[PDB]
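Novice: I have a structure here, written as structure tokens, and I will follow up with some questions on it.
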Amino acid sequence: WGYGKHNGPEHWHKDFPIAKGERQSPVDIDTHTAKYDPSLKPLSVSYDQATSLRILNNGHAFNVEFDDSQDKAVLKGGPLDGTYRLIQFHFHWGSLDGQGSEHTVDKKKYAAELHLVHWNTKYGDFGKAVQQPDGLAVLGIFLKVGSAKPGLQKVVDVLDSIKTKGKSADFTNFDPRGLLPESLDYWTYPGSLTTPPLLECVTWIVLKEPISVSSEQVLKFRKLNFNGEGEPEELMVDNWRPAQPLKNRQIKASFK
Ligand SMILES: [Zn+2]
């Protein structure tokens with residue numbers, strides 16, 4: 001599977017029939033039909049002890065991976081019951097600044113989208129959690145092009161070392177707090193992973209406030225490659241799945 005004409009999102013259902021399922025992601029967030037939910041408890045992003053380990057080009061994005069063997073960087077509160085441990089983050093981005101995000105807001109596409117992926121500690125490990133309807137919580141953050149995001153520059157500067165599929169690099173002491181906007185106002189709905197295997201195990205929490213990154217920062221993402229070393233160059237761009245049918249779901253807002 002990939003993002004091209006012959007293996008991209010419109011083809012995924014042949015190997016992954018859940019692609020046409022009842023709770024697929026991403027979706028368009030219609031801000032005029034999402035409803036404020038006063039039963040939502042406050043969202044807690046506790047990243048002070050986060051322990052990054054490595055950055056990896058997996059041929060569809062790059063993942064910054066974290067030590068998840070203890071409660072050190074966790075998401076709680078909001079729509080969540082229990083404690084979800086950060087395992088990795090990655091991004092989806094476009095070839096042009098007018099596309100790249102997976103979720104859309106009143107059909108608006110952002111230049112990119114950050115996914116911080118967490119798993120429910122009640123299930124013991126990530127591989128078991130993805131088999132559960134409440135296994136994962138993914139915090140989604142939109143990126144727009146404007147001012148540089150200083151807390152992103154350490155990621156930008158390492159990309160030269162992981163240009164091609166399969167390459168990895170040490171990436172310790174990276175603080176993911178530097179990627180968060182001021183406001184934690186969010187929308188939430190039940191959905192799926194947005195890459196194969198497309199499992200329907202995600203509580204999505206999508207922040208309303210985008211972060212700004214500079215044109216130079218996003219241009220460096222666009223220099224990555226989908227191919228491995230020694231293969232014909234295919235720029236890693238447009239690695240986003242479009243919006244899927246909402247079906248029988250409601251999107252709730254944390255804010256009035
Ligand atoms: Zn993602």
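Residues are referred to by chain and number: the chain letter is A, B, ... according to the order shown in the structure tokens, the number counts from 1 in that chain, and ligands are numbered separately from 1 in the order shown.
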Would you mind listing, for every residue of chain A within 7 Å of ligand 1, the two atoms forming the shortest contact and the distance between them in Å to one decimal, using only C-alpha atoms and all ligand atoms, sorted by chain and ascending residue number, as CSV?

Specialist:
residue,atom,partner,partner_atom_place_in_ligand_line,distance
A:90,CA,ligand 1,1 (Zn),6.1
A:91,CA,ligand 1,1 (Zn),6.0
A:92,CA,ligand 1,1 (Zn),6.3
A:114,CA,ligand 1,1 (Zn),7.0
A:115,CA,ligand 1,1 (Zn),5.0
A:194,CA,ligand 1,1 (Zn),5.9

Novice: Compile the contact shell of range 60-65 of chain A as a ChimeraX atom specification: residues with an atom at most 10 Å away, counting only C-alpha atoms, same-chain residues fewer than 3 positions apart removed.

Specialist: /A:1-3,51-57,68,86-93,115-117,155,159,162-172,174,176,195,221,224-227,236-240

Novice: Have a look at CA of residue 83 in chain A and CA of residue 131 in chain A and let me know their distance in Å, one decimal.

Specialist: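 Here the two named atoms are 16.9 Å from each other.
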
Novice: If you take only C-alpha atoms and a cut-off of 12 Å, which residues of range 63-180 of chain A touch range 23-37 of chain A, and what are their nearest atom pairs and distances in Å to one decimal, in chain and number order, as JSON lines?

Specialist:
{"residue": "A:78", "atom": "CA", "partner": "A:37", "partner_atom": "CA", "distance": 10.2}
{"residue": "A:79", "atom": "CA", "partner": "A:37", "partner_atom": "CA", "distance": 9.7}
{"residue": "A:92", "atom": "CA", "partner": "A:26", "partner_atom": "CA", "distance": 11.6}
{"residue": "A:101", "atom": "CA", "partner": "A:26", "partner_atom": "CA", "distance": 9.2}
{"residue": "A:102", "atom": "CA", "partner": "A:26", "partner_atom": "CA", "distance": 5.6}
{"residue": "A:103", "atom": "CA", "partner": "A:26", "partner_atom": "CA", "distance": 5.0}
{"residue": "A:104", "atom": "CA", "partner": "A:28", "partner_atom": "CA", "distance": 4.7}
{"residue": "A:105", "atom": "CA", "partner": "A:29", "partner_atom": "CA", "distance": 4.8}
{"residue": "A:106", "atom": "CA", "partner": "A:30", "partner_atom": "CA", "distance": 4.9}
{"residue": "A:107", "atom": "CA", "partner": "A:28", "partner_atom": "CA", "distance": 6.0}
{"residue": "A:108", "atom": "CA", "partner": "A:28", "partner_atom": "CA", "distance": 8.5}
{"residue": "A:109", "atom": "CA", "partner": "A:28", "partner_atom": "CA", "distance": 9.4}
{"residue": "A:110", "atom": "CA", "partner": "A:28", "partner_atom": "CA", "distance": 11.9}
{"residue": "A:113", "atom": "CA", "partner": "A:26", "partner_atom": "CA", "distance": 11.0}
{"residue": "A:115", "atom": "CA", "partner": "A:26", "partner_atom": "CA", "distance": 11.5}
{"residue": "A:133", "atom": "CA", "partner": "A:23", "partner_atom": "CA", "distance": 10.1}
{"residue": "A:138", "atom": "CA", "partner": "A:25", "partner_atom": "CA", "distance": 11.2}
{"residue": "A:140", "atom": "CA", "partner": "A:26", "partner_atom": "CA", "distance": 10.3}

Novice: Restricting the calculation to only C-alpha atoms: of A:43, A:130, A:96, A:50, which residue gets closest to residue 206 in chain A?

Specialist: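 Among the listed residues, A:43 lies closest to residue 206 in chain A.
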
Novice: Quick one: residues within 6 Å of range 197-203 of chain A, only C-alpha atoms counted, chain neighbours fewer than 5 positions away excluded, as a PyMOL selection string?

Specialist: chain A and resi 130+132-137+190-192

Novice: Pick out the residues sitting within 6 Å of residue 187 in chain A, and hand them over as a list in words; count only C-alpha atoms, and ignore anything fewer than 5 positions along from it in its own chain.

Specialist: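 Once the adjacent positions are removed, what remains is residues 205, 206, 252 and 253 of chain A.
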
Novice: What is the CA of residue 180 in chain A to CA of residue 9 in chain A distance in Å?

Specialist: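 So the two atoms, CA of residue 180 in chain A and CA of residue 9 in chain A, lie 28.5 Å apart.
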
Novice: When you count only C-alpha atoms, which of these residues is closest to residue 21 in chain A: A:128, A:149, A:256, A:247?

Specialist: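 Of the candidates, the smallest distance to residue 21 in chain A is held by A:247.
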
Novice: Report, in Å with one decimal, the straight-line distance from CA of residue 173 in chain A to CA of residue 156 in chain A.

Specialist: 14.9 Å

Novice: With distances taken over only C-alpha atoms, which residue among A:213, A:193, A:80, A:141 lies nearest residue 41 in chain A?

Specialist: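 The answer is A:80, which sits nearest to residue 41 in chain A.
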
Novice: Could you pull out the strand (DSSP E or B) residues of range 38-215 of chain A, going by DSSP on the backbone, and write them as a PDB file with C-alpha atoms, in the first residue's frame?

Specialist:
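Done, and the output landed in out_26.pdb:
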ATOM      1  CA  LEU A  43      -7.804  17.152  28.992  1.00  0.00           C
ATOM      2  CA  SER A  44      -4.428  16.372  30.590  1.00  0.00           C
ATOM      3  CA  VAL A  45      -1.311  16.201  28.403  1.00  0.00           C
ATOM      4  CA  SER A  46       1.511  15.200  30.785  1.00  0.00           C
ATOM      5  CA  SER A  52      12.327   9.932  22.934  1.00  0.00           C
ATOM      6  CA  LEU A  53      14.561   7.265  21.448  1.00  0.00           C
ATOM      7  CA  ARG A  54      14.771   7.223  17.687  1.00  0.00           C
ATOM      8  CA  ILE A  55      13.441   8.670  14.437  1.00  0.00           C
ATOM      9  CA  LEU A  56      12.611   6.327  11.549  1.00  0.00           C
ATOM     10  CA  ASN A  57      11.648   6.788   7.875  1.00  0.00           C
ATOM     11  CA  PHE A  62       8.730   9.380   9.729  1.00  0.00           C
ATOM     12  CA  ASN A  63       7.998   8.283  13.311  1.00  0.00           C
ATOM     13  CA  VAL A  64       9.645   9.770  16.383  1.00  0.00           C
ATOM     14  CA  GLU A  65       9.472   6.879  18.870  1.00  0.00           C
ATOM     15  CA  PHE A  66       9.287   7.056  22.654  1.00  0.00           C
ATOM     16  CA  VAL A  74       0.631  10.206  29.061  1.00  0.00           C
ATOM     17  CA  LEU A  75      -2.685  11.580  27.896  1.00  0.00           C
ATOM     18  CA  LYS A  76      -5.667  11.465  30.235  1.00  0.00           C
ATOM     19  CA  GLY A  77      -8.945  13.262  30.820  1.00  0.00           C
ATOM     20  CA  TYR A  84      -2.831   6.410  27.498  1.00  0.00           C
ATOM     21  CA  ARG A  85       0.962   6.256  26.976  1.00  0.00           C
ATOM     22  CA  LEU A  86       2.720   8.086  24.142  1.00  0.00           C
ATOM     23  CA  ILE A  87       4.444   5.649  21.787  1.00  0.00           C
ATOM     24  CA  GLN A  88       5.265   7.751  18.687  1.00  0.00           C
ATOM     25  CA  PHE A  89       4.406  10.838  16.699  1.00  0.00           C
ATOM     26  CA  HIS A  90       4.438  11.407  12.954  1.00  0.00           C
ATOM     27  CA  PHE A  91       3.038  13.852  10.423  1.00  0.00           C
ATOM     28  CA  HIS A  92       1.054  13.908   7.184  1.00  0.00           C
ATOM     29  CA  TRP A  93       1.792  16.687   4.717  1.00  0.00           C
ATOM     30  CA  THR A 104     -10.444  18.973   7.570  1.00  0.00           C
ATOM     31  CA  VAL A 105     -12.353  21.750   9.325  1.00  0.00           C
ATOM     32  CA  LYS A 108     -10.483  23.420   4.985  1.00  0.00           C
ATOM     33  CA  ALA A 112       0.088  19.254   7.487  1.00  0.00           C
ATOM     34  CA  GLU A 113      -1.164  17.351  10.519  1.00  0.00           C
ATOM     35  CA  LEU A 114       0.725  15.967  13.515  1.00  0.00           C
ATOM     36  CA  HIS A 115      -0.472  12.729  15.136  1.00  0.00           C
ATOM     37  CA  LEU A 116       0.708  11.895  18.663  1.00  0.00           C
ATOM     38  CA  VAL A 117      -0.219   8.246  19.147  1.00  0.00           C
ATOM     39  CA  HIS A 118      -1.002   6.868  22.614  1.00  0.00           C
ATOM     40  CA  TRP A 119      -2.158   3.447  23.819  1.00  0.00           C
ATOM     41  CA  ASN A 120      -4.440   2.503  26.679  1.00  0.00           C
ATOM     42  CA  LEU A 136      -5.623   4.197  21.214  1.00  0.00           C
ATOM     43  CA  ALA A 137      -5.960   7.928  21.658  1.00  0.00           C
ATOM     44  CA  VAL A 138      -4.461  10.066  18.897  1.00  0.00           C
ATOM     45  CA  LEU A 139      -3.946  13.757  19.504  1.00  0.00           C
ATOM     46  CA  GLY A 140      -4.145  15.544  16.148  1.00  0.00           C
ATOM     47  CA  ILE A 141      -2.689  19.001  15.630  1.00  0.00           C
ATOM     48  CA  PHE A 142      -2.972  21.034  12.439  1.00  0.00           C
ATOM     49  CA  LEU A 143       0.027  22.834  10.929  1.00  0.00           C
ATOM     50  CA  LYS A 144      -0.255  26.045   8.901  1.00  0.00           C
ATOM     51  CA  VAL A 145       2.576  27.823   7.128  1.00  0.00           C
ATOM     52  CA  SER A 168      16.790   5.558  11.371  1.00  0.00           C
ATOM     53  CA  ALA A 169      18.719   7.893  13.673  1.00  0.00           C
ATOM     54  CA  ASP A 170      19.176   8.386  17.398  1.00  0.00           C
ATOM     55  CA  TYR A 186     -10.557  20.133  20.896  1.00  0.00           C
ATOM     56  CA  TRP A 187     -13.050  18.087  18.928  1.00  0.00           C
ATOM     57  CA  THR A 188     -13.395  14.359  19.645  1.00  0.00           C
ATOM     58  CA  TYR A 189     -14.971  11.379  17.877  1.00  0.00           C
ATOM     59  CA  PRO A 190     -14.435   7.612  17.589  1.00  0.00           C
ATOM     60  CA  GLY A 191     -12.458   6.474  14.556  1.00  0.00           C
ATOM     61  CA  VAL A 202      -8.886   5.261  18.047  1.00  0.00           C
ATOM     62  CA  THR A 203     -10.453   7.944  20.199  1.00  0.00           C
ATOM     63  CA  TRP A 204      -9.520  11.008  18.128  1.00  0.00           C
ATOM     64  CA  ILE A 205      -8.812  14.293  19.902  1.00  0.00           C
ATOM     65  CA  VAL A 206      -8.216  17.032  17.300  1.00  0.00           C
ATOM     66  CA  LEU A 207      -7.040  20.428  18.599  1.00  0.00           C
ATOM     67  CA  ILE A 211       0.553  25.501  15.190  1.00  0.00           C
ATOM     68  CA  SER A 212       2.476  27.582  12.675  1.00  0.00           C
ATOM     69  CA  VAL A 213       5.608  26.270  10.991  1.00  0.00           C
TER      70      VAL A 213
END

Novice: Where in range 112-248 of chain A does DSSP assign alpha helix (DSSP H), given as a ChimeraX atom specification?

Specialist: /A:126-129,153-158,215-221

Novice: Take the residues that were just selected and, keeping N, CA, C and O atoms, output them as a PDB file, in the first residue's frame.

Specialist:
ATOM      1  N   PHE A 126       0.991  -1.979  22.884  1.00  0.00           N
ATOM      2  CA  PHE A 126       0.365  -1.338  21.732  1.00  0.00           C
ATOM      3  C   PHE A 126      -0.303  -2.368  20.830  1.00  0.00           C
ATOM      4  O   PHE A 126      -1.420  -2.157  20.359  1.00  0.00           O
ATOM      5  N   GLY A 127       0.367  -3.509  20.574  1.00  0.00           N
ATOM      6  CA  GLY A 127      -0.221  -4.500  19.691  1.00  0.00           C
ATOM      7  C   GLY A 127      -1.542  -5.087  20.176  1.00  0.00           C
ATOM      8  O   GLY A 127      -2.426  -5.427  19.379  1.00  0.00           O
ATOM      9  N   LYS A 128      -1.711  -5.217  21.493  1.00  0.00           N
ATOM     10  CA  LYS A 128      -3.010  -5.648  22.001  1.00  0.00           C
ATOM     11  C   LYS A 128      -4.008  -4.488  21.981  1.00  0.00           C
ATOM     12  O   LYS A 128      -5.205  -4.687  21.747  1.00  0.00           O
ATOM     13  N   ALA A 129      -3.537  -3.271  22.261  1.00  0.00           N
ATOM     14  CA  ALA A 129      -4.448  -2.127  22.312  1.00  0.00           C
ATOM     15  C   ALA A 129      -5.111  -1.865  20.971  1.00  0.00           C
ATOM     16  O   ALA A 129      -6.299  -1.527  20.945  1.00  0.00           O
ATOM     17  N   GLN A 153      12.333  22.461  15.171  1.00  0.00           N
ATOM     18  CA  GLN A 153      13.539  22.541  14.359  1.00  0.00           C
ATOM     19  C   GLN A 153      14.461  21.342  14.563  1.00  0.00           C
ATOM     20  O   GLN A 153      15.106  20.926  13.611  1.00  0.00           O
ATOM     21  N   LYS A 154      14.511  20.774  15.775  1.00  0.00           N
ATOM     22  CA  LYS A 154      15.345  19.598  16.000  1.00  0.00           C
ATOM     23  C   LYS A 154      14.906  18.425  15.125  1.00  0.00           C
ATOM     24  O   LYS A 154      15.736  17.636  14.678  1.00  0.00           O
ATOM     25  N   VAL A 155      13.604  18.307  14.846  1.00  0.00           N
ATOM     26  CA  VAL A 155      13.142  17.270  13.915  1.00  0.00           C
ATOM     27  C   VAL A 155      13.584  17.597  12.498  1.00  0.00           C
ATOM     28  O   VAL A 155      14.097  16.742  11.763  1.00  0.00           O
ATOM     29  N   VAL A 156      13.384  18.857  12.085  1.00  0.00           N
ATOM     30  CA  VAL A 156      13.751  19.283  10.735  1.00  0.00           C
ATOM     31  C   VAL A 156      15.227  19.017  10.482  1.00  0.00           C
ATOM     32  O   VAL A 156      15.620  18.556   9.406  1.00  0.00           O
ATOM     33  N   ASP A 157      16.066  19.264  11.489  1.00  0.00           N
ATOM     34  CA  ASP A 157      17.494  19.172  11.230  1.00  0.00           C
ATOM     35  C   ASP A 157      17.983  17.733  11.117  1.00  0.00           C
ATOM     36  O   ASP A 157      19.025  17.490  10.502  1.00  0.00           O
ATOM     37  N   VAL A 158      17.240  16.758  11.643  1.00  0.00           N
ATOM     38  CA  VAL A 158      17.678  15.372  11.550  1.00  0.00           C
ATOM     39  C   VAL A 158      17.207  14.668  10.274  1.00  0.00           C
ATOM     40  O   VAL A 158      17.667  13.547   9.974  1.00  0.00           O
ATOM     41  N   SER A 215       7.764  28.050   6.026  1.00  0.00           N
ATOM     42  CA  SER A 215       7.861  27.419   4.722  1.00  0.00           C
ATOM     43  C   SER A 215       9.141  26.601   4.612  1.00  0.00           C
ATOM     44  O   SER A 215       9.145  25.517   4.017  1.00  0.00           O
ATOM     45  N   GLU A 216      10.233  27.071   5.226  1.00  0.00           N
ATOM     46  CA  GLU A 216      11.474  26.305   5.181  1.00  0.00           C
ATOM     47  C   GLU A 216      11.353  24.987   5.949  1.00  0.00           C
ATOM     48  O   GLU A 216      11.908  23.960   5.513  1.00  0.00           O
ATOM     49  N   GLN A 217      10.625  24.982   7.074  1.00  0.00           N
ATOM     50  CA  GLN A 217      10.450  23.744   7.823  1.00  0.00           C
ATOM     51  C   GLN A 217       9.650  22.735   7.004  1.00  0.00           C
ATOM     52  O   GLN A 217      10.053  21.572   6.857  1.00  0.00           O
ATOM     53  N   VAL A 218       8.530  23.167   6.413  1.00  0.00           N
ATOM     54  CA  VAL A 218       7.754  22.190   5.653  1.00  0.00           C
ATOM     55  C   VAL A 218       8.462  21.790   4.362  1.00  0.00           C
ATOM     56  O   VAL A 218       8.350  20.646   3.905  1.00  0.00           O
ATOM     57  N   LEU A 219       9.259  22.692   3.767  1.00  0.00           N
ATOM     58  CA  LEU A 219       9.984  22.285   2.572  1.00  0.00           C
ATOM     59  C   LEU A 219      10.964  21.160   2.864  1.00  0.00           C
ATOM     60  O   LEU A 219      11.207  20.324   2.001  1.00  0.00           O
ATOM     61  N   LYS A 220      11.527  21.127   4.071  1.00  0.00           N
ATOM     62  CA  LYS A 220      12.428  20.042   4.429  1.00  0.00           C
ATOM     63  C   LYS A 220      11.690  18.709   4.543  1.00  0.00           C
ATOM     64  O   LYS A 220      12.231  17.680   4.135  1.00  0.00           O
ATOM     65  N   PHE A 221      10.444  18.712   5.043  1.00  0.00           N
ATOM     66  CA  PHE A 221       9.646  17.478   5.027  1.00  0.00           C
ATOM     67  C   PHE A 221       9.474  16.965   3.612  1.00  0.00           C
ATOM     68  O   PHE A 221       9.494  15.753   3.344  1.00  0.00           O
TER      69      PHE A 221
END

Novice: Just checking: using only C-alpha atoms, which residue out of A:255, A:100, A:69, A:151 ends up closest to residue 242 in chain A?

Specialist: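 When distances to residue 242 in chain A are compared using only C-alpha atoms, the smallest one comes from A:100.
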
Novice: For residue 48 in chain A, work out the shell of residues within 8 Å, counting only C-alpha atoms and skipping chain neighbours fewer than 3 positions away, then give it as a list in words.

Specialist: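 The contact residues come out as residues 72, 73, 175 and 177 of chain A.
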